[PDB]
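Q: Before I ask anything, here is the structure I am working with.
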Amino acid sequence: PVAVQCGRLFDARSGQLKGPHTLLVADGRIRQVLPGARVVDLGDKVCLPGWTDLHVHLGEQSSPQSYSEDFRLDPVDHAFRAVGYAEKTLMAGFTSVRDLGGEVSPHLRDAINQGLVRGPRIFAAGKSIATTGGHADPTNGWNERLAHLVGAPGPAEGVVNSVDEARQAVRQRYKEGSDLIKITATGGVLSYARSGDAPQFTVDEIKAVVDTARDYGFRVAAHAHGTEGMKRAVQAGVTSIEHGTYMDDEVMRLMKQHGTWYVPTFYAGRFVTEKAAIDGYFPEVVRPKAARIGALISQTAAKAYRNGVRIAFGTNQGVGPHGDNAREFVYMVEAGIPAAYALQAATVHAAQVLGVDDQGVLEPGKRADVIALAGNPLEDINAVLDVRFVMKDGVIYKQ
Amino acid sequence: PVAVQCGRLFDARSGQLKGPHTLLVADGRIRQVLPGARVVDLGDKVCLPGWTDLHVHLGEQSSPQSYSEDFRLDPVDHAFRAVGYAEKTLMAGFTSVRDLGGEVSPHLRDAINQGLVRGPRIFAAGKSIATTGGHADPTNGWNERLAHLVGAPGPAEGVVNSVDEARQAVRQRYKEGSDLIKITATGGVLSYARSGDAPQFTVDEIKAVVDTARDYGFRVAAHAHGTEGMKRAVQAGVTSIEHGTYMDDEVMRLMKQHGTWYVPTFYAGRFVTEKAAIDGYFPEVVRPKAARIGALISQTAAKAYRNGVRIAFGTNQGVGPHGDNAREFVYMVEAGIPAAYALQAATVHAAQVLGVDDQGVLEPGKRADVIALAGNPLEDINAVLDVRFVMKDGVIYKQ
Amino acid sequence: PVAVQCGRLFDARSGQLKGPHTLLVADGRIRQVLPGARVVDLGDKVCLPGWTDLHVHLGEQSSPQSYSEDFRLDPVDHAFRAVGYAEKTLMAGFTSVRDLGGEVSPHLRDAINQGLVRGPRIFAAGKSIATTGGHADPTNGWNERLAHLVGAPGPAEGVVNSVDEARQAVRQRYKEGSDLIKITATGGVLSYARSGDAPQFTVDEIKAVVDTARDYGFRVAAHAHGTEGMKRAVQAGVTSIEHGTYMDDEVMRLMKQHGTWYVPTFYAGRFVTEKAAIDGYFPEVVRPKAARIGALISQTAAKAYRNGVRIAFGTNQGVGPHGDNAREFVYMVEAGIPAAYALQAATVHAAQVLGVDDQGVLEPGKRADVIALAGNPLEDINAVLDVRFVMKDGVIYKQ
Amino acid sequence: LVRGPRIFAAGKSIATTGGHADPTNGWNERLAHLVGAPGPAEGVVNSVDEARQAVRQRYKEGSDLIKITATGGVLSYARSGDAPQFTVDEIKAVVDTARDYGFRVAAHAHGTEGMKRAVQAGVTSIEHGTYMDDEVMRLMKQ
Ligand SMILES: C[C@@H]1Cc2c(Cl)cc(C(=O)N[C@@H](Cc3ccccc3)C(=O)O)c(O)c2C(=O)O1
Ligand SMILES: C[C@@H]1Cc2c(Cl)cc(C(=O)N[C@@H](Cc3ccccc3)C(=O)O)c(O)c2C(=O)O1
Ligand SMILES: C[C@@H]1Cc2c(Cl)cc(C(=O)N[C@@H](Cc3ccccc3)C(=O)O)c(O)c2C(=O)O1
Ligand SMILES: C[C@@H]1Cc2c(Cl)cc(C(=O)N[C@@H](Cc3ccccc3)C(=O)O)c(O)c2C(=O)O1
Ligand SMILES: [Zn+2]
Ligand SMILES: [Zn+2]
Ligand SMILES: [Zn+2]
Ligand SMILES: [Zn+2]
Ligand SMILES: [Zn+2]
Ligand SMILES: [Zn+2]
Ligand SMILES: [Zn+2]
């Protein structure tokens, strides 16, 4: 039973900073929020709920040797690196993350939940679902001999080309122990593929994926850069759109009418624009796509906010260095999004996206996920980079 | 910055021969066409844009040992021969070609674009899409043990039998690096198959191929000898028909209403009729089909021109010897097609077929692809066999 | 440059406790041992070099659900558990370990050497080399369908049946990144096999393994319970024997004449005798062998010491709980081995077994691996269970 | 068809498991399973009969000579650079098999022991000889 003393409380539900408060933590949950048992003093700190990152890849980090690494390294190495990546993510103030690809996160989540290793609460999508030659196709850009020995990927590998294959792929994701579904509706940037915005799913296939996932209680996140694929995914009924680089008035209207969530991922765009100027960092197939698309995400996100599109917090880490996820907040504030809305987008809006009601706000009956900042983030957003107190599920990880 | 001096300019857009002109070439493009910087003199030459051959097979050439060669030779040998074939094609005045089958042309195109080898600009279809036992089926006429070992070809090998397989085949062609799609709608002549004009695709499969290709920005060329398969392909919405031996009034009406392009390929027909009389040149299964169909192409092409069917230039080289592609012009003129129309069918009509607007005519902003002939081709068509100046993308390959 | 102050120094080379001393640590190595720069005080602690455990299995730990776990869990889970196992091992005072089986340790060693995770210095044998149906055969006790699917294990899987297969197996271990070689000369206890002491290698196969390993600079450790297999392995020229339950006067004479090292592993025997009485902990095939064999190790080790056989320190952890490796010391002292010899068997004798001369003794030029104990271990051996200071390669991990 | 010099082509190289010329060195586990362990037809040999079959397969593939890697290298994804990777009884088999088909053998060797083995077996040329010493020089001269 630990009583936390906070000089200033941030109300995620409303978006205002209250006065001094005392939280009572018992059984890993918040019991009382009485204004004003071991005592923890945070008198000179602003108390805020734990943050959520709705777009990470904890089983990888981008490097100059990234592409040559896909044939030399085994998943055990990726797990050994993901241990440190998860610790870095947890220490930065992010008590929960949504992982959007990779077959090590379902195992990292199991390890963290058992107490073997330290890290945030993971909601893992698992393997991605794509079509032939798609953005998430595992055998893109392989020579002929390797492509014959592996064989054509099928629904069990994530690659589908019909309604029945899509149904089997969702069922195989459920069998493999996933918490949600992730599809690539259009092309990408960092893949060894020629296109970056071509429509790669049919409406009748995305509809099948959504219908199959609805039976197993899953939500679907769609990766889309181009207009046509993004429109198809929004019309089929996905839960969130991942980059939306070429969004236009029509697609904004459809998203507003449907209630789809938007995850801008400023950090990935800034990173790829900065690294596209260097020579040898990217392949020659990737550099043009990276230079062309990574520079238009900030304008689209600002326009989406000004048009009334619901925006949640995601960084696409794995591109950027794990543990520097909060720099995204400052980017959002620089793009014109208010600091209070940027803080709400990681606490309550993220919980709405995840479909869980036990986290997000410091209220009785919820999980005890509390962080504390040295300075006030509403006046100076840079204060998000100075975290001094981190508590997850009633356990103090950083004092 | 090279200024080209021409005594007579051929206007592809209109079809008339103008007077003396001066072309200004800079940055690989044409800037000015001022009538009248290094100077190139072609005062005694008729100036004309570069030619396009819309039907070639640069990976092969027909020979008396052609059929026995499919089990002994590797694609590396075919590439080593395609080097010389491409140089011969470029020197004959053809600065662009459309390749309609093979898995060496996508590599040859990449090599040419990088400057490793010399040749024309290639638009490569890649592997062909057929049905089981079709004209482009890779395992036609194989013994039982070999067919057991290789296995039944699937959508990844080009052989499809349903809508979903057709969709996967188009996606696999996109993944393999193709620029367009080629299907065999009926039977052929040079394949180890019993039929020559039977319908081998259903309308619901060609429609799927066309719909899938439209998403990836591809155009579809259809090989058809018989009436029913050709009618199905025209109704499904293909871009061009390849031989059309048994075309009839109805099919002509449908092609005129739809805007489908026609590629007669006189040279292949003449070659197969001449070589069908010899003994041992063709297999016993092929000789009857070759003798029966190769003799009807010239009568159909003349009727198609007289009925108002749009005709583009193609020779089906690989059957004939690479480098003698211009003889087709004389054949066309002998069939009754005017010389001016025969010259236009290789410059502007070919560009319309290819779907590119940067080539075809010597106008500002277009690519600098220029050839020069010793004599006038409008009075004597044989002058197409004497090319003295060849420039491709602002680079002089033949002076 | 950290100077460590010690009240009492233990001389591993001689086996006596000296007086107060001051160690100078720079660059990860020991520079000066001047009797008597940041200062570390350990005035009330007996200083001793870091310990080495010559027999561990860091990729696993025995549990009531151990046998049913070999078909449900993936190596990623084993790595996530090995992280904590390695940290526990390092904190107990063991700065180096020799791993004798499992394909996660070569990855764990790479991760530790890169600084990603904390743990001791690992010398990993990798996959074990056995014969058909042997103790280390991966497919022992599988039903017919599974054995059909996997296929008969070959030299690449560790299972050999001839001289050339043994040579290929050693070469494949070198290719996979191993530091030594481990073979199973006889049967075991914890395997799903009928025998526990039958000879499973021929002399001509062990000789081939030793000869192949000598080229790649490898040392060979042999697992042997029975007399005949142990005699064969000693005669072939292996470096160490792992359990030696049924050793007899002749085999002792051969080991003394050859210089083979002996690793008794008291802890595994005690553990299996205690757990064999329980019902459901072991399979019905394992319980008789465990009850029969695990009760004889202590009498053989005492006789071996009294006969003059060189004995090194090893516990066979993975059977016992990781992190309780020093209780073996007390067992040795209870068996009649002197405390000073038991302490030497983990510092200098272990380094002699490993074939490295940079560790073992606190002398100039050696690695700075230092631990400190609260009490004197020569008078009370129980003081080995109270470690207060742990420094590995000049870095302090426990103060 | 193309212009160039007169080529005498050795073809695929003959190595042992995990050797310098091993085609699957430094591949992850899934790729190594799908390709399978290289055999004598792929150039990787581990016995006398495999070496004989490898020379015969080189002859069948249209080679003009034989090339083996006696020791480790530099540019390969392998840990060693001078370890002995062939036994004398395997190099002798390669040389004896090649002598029937009228082939000459060139040996790649950096380290002393592998180079000595290759010289003693009867190869025609040594390729780098970085760690050659007086003894090996005497053997090569003789
Ligand atoms: C395992 C994981 C798989 C994966 C998948 Cl499935 C998708 C992405 C992805 O959406 N990447 C983006 C990165 C990016 C680049 C620019 C602007 C926004 C985002 C892309 O290339 O378009 C992606 O980045 C990754 C990734 O980093 O690895
Ligand atoms: C690689 C390439 C594949 C290929 C394909 Cl897919 C189709 C043809 C083809 O349409 N050949 C025609 C040749 C021909 C014969 C007579 C009249 C017109 C054309 C045929 O046999 O009907 C064809 O000729 C070829 C060919 O020559 O090799
Ligand atoms: C991965 C690793 C593989 C392995 C191998 Cl290869 C050998 C042993 C082993 O020697 N076990 C001993 C345990 C034991 C039991 C009683 C007395 C001494 C030792 C045995 O069953 O005879 C062994 O215990 C293990 C093991 O625990 O898992
Ligand atoms: C296809 C061909 C295969 C091949 C083979 Cl089998 C051997 C070598 C080779 O001997 N490389 C040398 C390069 C080298 C490096 C330093 C000093 C001398 C030579 C080595 O890595 O030791 C070698 O370089 C190559 C090569 O470059 O590719
Ligand atoms: Zn994405
Ligand atoms: Zn992503
Ligand atoms: Zn055709
Ligand atoms: Zn053709
Ligand atoms: Zn053992
Ligand atoms: Zn063991
Ligand atoms: Zn070499």
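By convention here, the chains of the structure tokens are called A, B, ... in the order presented, each chain's residues are numbered starting at 1, and ligands are numbered starting at 1 in the order presented.
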Can you check the Cα RMSD once chain C has been least-squares fitted onto chain B over every paired atom, in order?
A: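 Computed value for the CA RMSD is 0.0 Å.
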Q: At a cut-off of 6 Å, can you tabulate as CSV every residue of chain A near ligand 1 together with its closest atom pair and the distance in Å to one decimal, using only C-alpha atoms and all ligand atoms and ordering rows by chain then number?
A:
```
residue,atom,partner,partner_atom_place_in_ligand_line,distance
A:57,CA,ligand 1,2 (C),5.9
A:101,CA,ligand 1,1 (C),4.6
A:102,CA,ligand 1,1 (C),4.6
A:128,CA,ligand 1,6 (Cl),5.7
A:136,CA,ligand 1,6 (Cl),4.9
A:188,CA,ligand 1,22 (O),3.7
A:189,CA,ligand 1,21 (O),3.7
A:190,CA,ligand 1,21 (O),3.9
A:223,CA,ligand 1,10 (O),5.9
A:243,CA,ligand 1,18 (C),5.7
A:268,CA,ligand 1,18 (C),5.2
A:269,CA,ligand 1,17 (C),4.3
A:294,CA,ligand 1,16 (C),4.6
A:318,CA,ligand 1,27 (O),5.6
A:319,CA,ligand 1,27 (O),5.8
```
Q: Mind running chain D against chain B at 12 Å and telling me each contacting residue's nearest atom pair with the distance in Å (one decimal), counting only C-alpha atoms, chain and number ascending, as a tab-separated table?
A:
```
residue	atom	partner	partner_atom	distance
D:1	CA	B:81	CA	6.6
D:2	CA	B:80	CA	7.4
D:3	CA	B:84	CA	10.8
D:61	CA	B:72	CA	12.0
```
Q: Mind dumping the selected residues with N, CA and C atoms as an mmCIF file, in the first residue's frame?
A:
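Output file result-v7.cif follows:
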```cif
data_model
loop_
_atom_site.group_PDB
_atom_site.id
_atom_site.type_symbol
_atom_site.label_atom_id
_atom_site.label_comp_id
_atom_site.auth_asym_id
_atom_site.auth_seq_id
_atom_site.Cartn_x
_atom_site.Cartn_y
_atom_site.Cartn_z
ATOM 1 N N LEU D 1 30.882 -14.517 -80.155
ATOM 2 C CA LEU D 1 29.754 -13.675 -79.767
ATOM 3 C C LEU D 1 30.216 -12.416 -79.046
ATOM 4 N N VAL D 2 31.205 -12.540 -78.157
ATOM 5 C CA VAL D 2 31.721 -11.412 -77.397
ATOM 6 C C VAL D 2 33.241 -11.427 -77.467
ATOM 7 N N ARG D 3 33.833 -10.274 -77.172
ATOM 8 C CA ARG D 3 35.273 -10.086 -77.246
ATOM 9 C C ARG D 3 35.902 -10.261 -75.870
ATOM 10 N N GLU D 61 30.854 -30.745 -65.464
ATOM 11 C CA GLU D 61 30.349 -29.390 -65.643
ATOM 12 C C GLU D 61 31.141 -28.578 -66.661
#
```
Q: What lies within 8 Å of residue A:140 using only C-alpha atoms, ignoring chain neighbours under 4 positions off, as JSON, numbers by chain?
A: {"A": [133, 134, 191, 192, 193], "B": [175]}
Q: Report as a PyMOL selection string which protein, DNA and RNA residues come within 10 Å of ligand 5, using only C-alpha atoms and all ligand atoms.
A: chain A and resi 55-56+100-101+135-136+182-190+221-225+241-244+263+265+268+316
Q: By how many Å are atom CA of residue C:361 and atom CA of residue C:17 apart?
A: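 Calculated distance between atom CA of residue C:361 and atom CA of residue C:17 is 13.1 Å.
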Q: Within 10 Å of residue D:82, counting only C-alpha atoms, which residues qualify if same-chain residues fewer than 6 places away don't, as a ChimeraX atom specification?
A: /D:20,70-74,109-115,130-131
Q: Compile the contact shell of residue C:162 as a list in words: residues with an atom at most 12 Å away, counting only C-alpha atoms, same-chain residues fewer than 2 positions apart removed.
A: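 My reading of the contact set: residues 130, 131, 132, 154, 155, 159, 160, 164, 165, 166, 167, 168, 169, 201, 202, 203, 204, 205, 206, 207, 208 and 209 of chain C; 46 and 47 of chain D.
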Q: Selection from above, C-alpha atoms, as a PDB file, in the first residue's frame, can you write it?
A:
```
ATOM      1  CA  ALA C 130      26.476 -38.546 -30.339  1.00  0.00           C
ATOM      2  CA  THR C 131      25.709 -41.736 -32.259  1.00  0.00           C
ATOM      3  CA  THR C 132      22.352 -43.201 -33.295  1.00  0.00           C
ATOM      4  CA  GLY C 154      22.965 -36.730 -39.705  1.00  0.00           C
ATOM      5  CA  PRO C 155      26.415 -35.254 -39.100  1.00  0.00           C
ATOM      6  CA  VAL C 159      24.612 -37.706 -34.938  1.00  0.00           C
ATOM      7  CA  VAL C 160      27.506 -39.643 -36.484  1.00  0.00           C
ATOM      8  CA  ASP C 164      33.963 -39.352 -42.072  1.00  0.00           C
ATOM      9  CA  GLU C 165      30.706 -38.383 -40.356  1.00  0.00           C
ATOM     10  CA  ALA C 166      32.648 -37.565 -37.177  1.00  0.00           C
ATOM     11  CA  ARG C 167      35.058 -35.375 -39.154  1.00  0.00           C
ATOM     12  CA  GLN C 168      32.151 -33.568 -40.810  1.00  0.00           C
ATOM     13  CA  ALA C 169      30.469 -33.095 -37.414  1.00  0.00           C
ATOM     14  CA  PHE C 201      31.220 -44.773 -29.338  1.00  0.00           C
ATOM     15  CA  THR C 202      33.938 -46.840 -30.969  1.00  0.00           C
ATOM     16  CA  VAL C 203      37.591 -46.010 -30.328  1.00  0.00           C
ATOM     17  CA  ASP C 204      38.039 -45.286 -34.043  1.00  0.00           C
ATOM     18  CA  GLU C 205      35.283 -42.641 -33.900  1.00  0.00           C
ATOM     19  CA  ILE C 206      36.484 -40.845 -30.763  1.00  0.00           C
ATOM     20  CA  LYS C 207      39.984 -40.844 -32.255  1.00  0.00           C
ATOM     21  CA  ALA C 208      38.612 -39.180 -35.393  1.00  0.00           C
ATOM     22  CA  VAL C 209      36.792 -36.553 -33.317  1.00  0.00           C
TER      23      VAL C 209
ATOM     24  CA  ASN D  46      34.551 -34.473 -46.350  1.00  0.00           C
ATOM     25  CA  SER D  47      36.003 -37.840 -47.455  1.00  0.00           C
TER      26      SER D  47
END
```
Q: Which of these, A:4, A:48, A:74, A:65, has the shortest distance to chain C once you count only C-alpha atoms?
A: A:74
Q: For residue B:179, find every residue with an atom within 8 Å (counting only C-alpha atoms), except residues of its own chain fewer than 5 positions away, and show them as a list in words.
A: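 Surrounding residues, per the criterion: residues 123, 124, 125, 126, 174 and 218 of chain B.
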Q: Using only C-alpha atoms, which residues sit within 12 Å of residue C:308 once same-chain residues fewer than 2 positions away are excluded, as number ranges by chain?
A: C: 249, 252-257, 259-262, 301-306, 310-311, 337
Q: Could you save those same residues with C-alpha atoms as an mmCIF file, in the first residue's frame?
A:
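Once everything was written out, this is out.cif:
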```
data_model
loop_
_atom_site.group_PDB
_atom_site.id
_atom_site.type_symbol
_atom_site.label_atom_id
_atom_site.label_comp_id
_atom_site.auth_asym_id
_atom_site.auth_seq_id
_atom_site.Cartn_x
_atom_site.Cartn_y
_atom_site.Cartn_z
ATOM 1 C CA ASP C 249 41.280 -48.953 -10.616
ATOM 2 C CA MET C 252 42.013 -44.416 -12.669
ATOM 3 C CA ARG C 253 45.468 -45.660 -13.697
ATOM 4 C CA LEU C 254 44.842 -44.725 -17.335
ATOM 5 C CA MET C 255 43.578 -41.258 -16.372
ATOM 6 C CA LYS C 256 46.588 -40.672 -14.104
ATOM 7 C CA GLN C 257 48.991 -41.755 -16.849
ATOM 8 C CA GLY C 259 46.611 -36.513 -17.509
ATOM 9 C CA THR C 260 42.853 -36.440 -18.111
ATOM 10 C CA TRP C 261 40.874 -34.067 -15.895
ATOM 11 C CA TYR C 262 37.895 -35.188 -13.811
ATOM 12 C CA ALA C 301 34.892 -38.714 -6.357
ATOM 13 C CA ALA C 302 36.378 -39.349 -2.908
ATOM 14 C CA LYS C 303 38.194 -42.446 -4.175
ATOM 15 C CA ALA C 304 39.452 -40.510 -7.205
ATOM 16 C CA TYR C 305 40.857 -37.765 -4.985
ATOM 17 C CA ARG C 306 42.502 -40.307 -2.682
ATOM 18 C CA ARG C 310 43.212 -34.405 -11.043
ATOM 19 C CA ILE C 311 39.839 -32.887 -10.148
ATOM 20 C CA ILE C 337 38.523 -32.818 -0.358
#
```
Q: Counting only C-alpha atoms and all ligand atoms, name the residues that have an atom within 7 Å of an atom of ligand 11; the answer should be given as a CSV table (one decimal) with N, CA, C and O atoms, in the first residue's frame.
A:
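As written to disk, out38.csv reads:
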```
chain,number,residue,atom,x,y,z
D,108,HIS,N,44.7,-22.8,-52.8
D,108,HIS,CA,44.6,-21.5,-52.0
D,108,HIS,C,45.1,-21.8,-50.6
D,108,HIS,O,44.5,-22.6,-49.9
D,109,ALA,N,46.2,-21.1,-50.2
D,109,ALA,CA,46.7,-21.4,-48.9
D,109,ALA,C,47.3,-20.1,-48.3
D,109,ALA,O,48.2,-19.6,-48.9
D,127,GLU,N,48.6,-20.2,-54.1
D,127,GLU,CA,48.0,-19.0,-54.5
D,127,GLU,C,48.4,-17.8,-53.7
D,127,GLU,O,48.5,-16.7,-54.2
D,128,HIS,N,48.6,-17.9,-52.4
D,128,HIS,CA,49.0,-16.7,-51.7
D,128,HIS,C,50.2,-16.8,-50.9
D,128,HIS,O,51.1,-16.0,-50.9
```
Q: Using DSSP on the backbone, list every residue of stretch 23-98 of chain D that comes out as strand (DSSP E), and give them as an NGL selection string.
A: :D and (66-69)
Q: Restrict the distance test to only C-alpha atoms, flag each residue of chain A within 8 Å of chain C, and return the flagged residues as a list in words.
A: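 My answer is residues 75, 76, 77, 79, 80, 81, 84, 104, 107, 108, 111, 116 and 117 of chain A.
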Q: Residues of stretch 113-296 of chain A classed as helix (DSSP H, G or I) by DSSP on the backbone are to be reported as a PyMOL selection string.
A: chain A and resi 113+144-150+155-157+163-176+203-215+227-236+249-258+266-276+287-293
Q: Could the residues in this selection be written to a file with C-alpha atoms, as a short mmCIF file (atom, residue, chain, number, x, y, z; two decimals), in the first residue's frame?
A:
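Output file out06.cif follows:
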```cif
data_model
loop_
_atom_site.label_atom_id
_atom_site.label_comp_id
_atom_site.auth_asym_id
_atom_site.auth_seq_id
_atom_site.Cartn_x
_atom_site.Cartn_y
_atom_site.Cartn_z
CA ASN A 113 4.39 -10.70 -18.07
CA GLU A 144 15.89 -16.96 -57.99
CA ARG A 145 17.55 -19.86 -56.15
CA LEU A 146 16.51 -18.62 -52.70
CA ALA A 147 12.98 -17.91 -53.94
CA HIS A 148 12.70 -21.48 -55.20
CA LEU A 149 14.08 -23.10 -52.04
CA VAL A 150 11.80 -21.13 -49.73
CA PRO A 155 -1.44 -17.85 -45.91
CA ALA A 156 0.60 -19.44 -43.11
CA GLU A 157 3.46 -17.03 -43.90
CA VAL A 163 -10.78 -14.29 -49.48
CA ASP A 164 -10.24 -17.82 -48.15
CA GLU A 165 -6.50 -17.21 -47.85
CA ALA A 166 -7.20 -14.01 -45.88
CA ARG A 167 -9.52 -15.92 -43.53
CA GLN A 168 -6.88 -18.61 -43.02
CA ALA A 169 -4.23 -15.94 -42.38
CA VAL A 170 -6.29 -14.29 -39.64
CA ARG A 171 -6.94 -17.71 -38.09
CA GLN A 172 -3.21 -18.50 -38.21
CA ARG A 173 -2.42 -15.19 -36.50
CA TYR A 174 -4.88 -16.13 -33.76
CA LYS A 175 -3.25 -19.56 -33.49
CA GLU A 176 0.22 -18.00 -33.20
CA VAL A 203 -11.71 -4.20 -50.97
CA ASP A 204 -13.04 -7.77 -50.91
CA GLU A 205 -9.84 -8.98 -49.21
CA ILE A 206 -9.64 -6.26 -46.55
CA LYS A 207 -13.33 -6.86 -45.83
CA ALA A 208 -12.59 -10.56 -45.30
CA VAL A 209 -9.70 -9.74 -42.96
CA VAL A 210 -11.88 -7.38 -40.91
CA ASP A 211 -14.80 -9.84 -40.75
CA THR A 212 -12.56 -12.72 -39.68
CA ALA A 213 -10.84 -10.59 -37.03
CA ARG A 214 -14.16 -9.38 -35.60
CA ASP A 215 -15.01 -12.97 -34.60
CA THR A 227 -4.63 7.43 -51.73
CA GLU A 228 -6.38 4.42 -53.29
CA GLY A 229 -5.17 1.78 -50.85
CA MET A 230 -5.90 4.06 -47.90
CA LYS A 231 -9.41 4.70 -49.22
CA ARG A 232 -9.99 0.96 -49.64
CA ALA A 233 -8.78 0.23 -46.11
CA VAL A 234 -10.91 3.00 -44.58
CA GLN A 235 -13.98 1.79 -46.47
CA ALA A 236 -13.40 -1.83 -45.42
CA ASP A 249 -10.09 15.87 -48.70
CA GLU A 250 -12.19 12.88 -49.71
CA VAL A 251 -10.20 10.44 -47.56
CA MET A 252 -10.34 12.89 -44.65
CA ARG A 253 -14.13 13.05 -45.02
CA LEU A 254 -14.40 9.25 -45.06
CA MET A 255 -12.16 8.92 -41.99
CA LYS A 256 -14.17 11.57 -40.11
CA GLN A 257 -17.44 9.83 -40.98
CA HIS A 258 -16.10 6.37 -40.10
CA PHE A 266 6.58 12.25 -37.34
CA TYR A 267 9.82 10.66 -36.10
CA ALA A 268 10.10 8.10 -38.90
CA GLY A 269 9.65 10.77 -41.57
CA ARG A 270 12.22 13.10 -40.04
CA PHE A 271 14.68 10.22 -39.64
CA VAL A 272 14.35 9.04 -43.24
CA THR A 273 14.68 12.55 -44.68
CA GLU A 274 17.84 13.16 -42.64
CA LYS A 275 19.36 9.78 -43.53
CA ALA A 276 18.41 9.86 -47.23
CA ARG A 287 16.67 6.18 -51.42
CA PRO A 288 14.28 7.77 -53.99
CA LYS A 289 11.17 6.60 -52.14
CA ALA A 290 12.63 7.70 -48.80
CA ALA A 291 13.54 11.16 -50.09
CA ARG A 292 10.18 11.63 -51.82
CA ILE A 293 7.72 10.42 -49.10
#
```
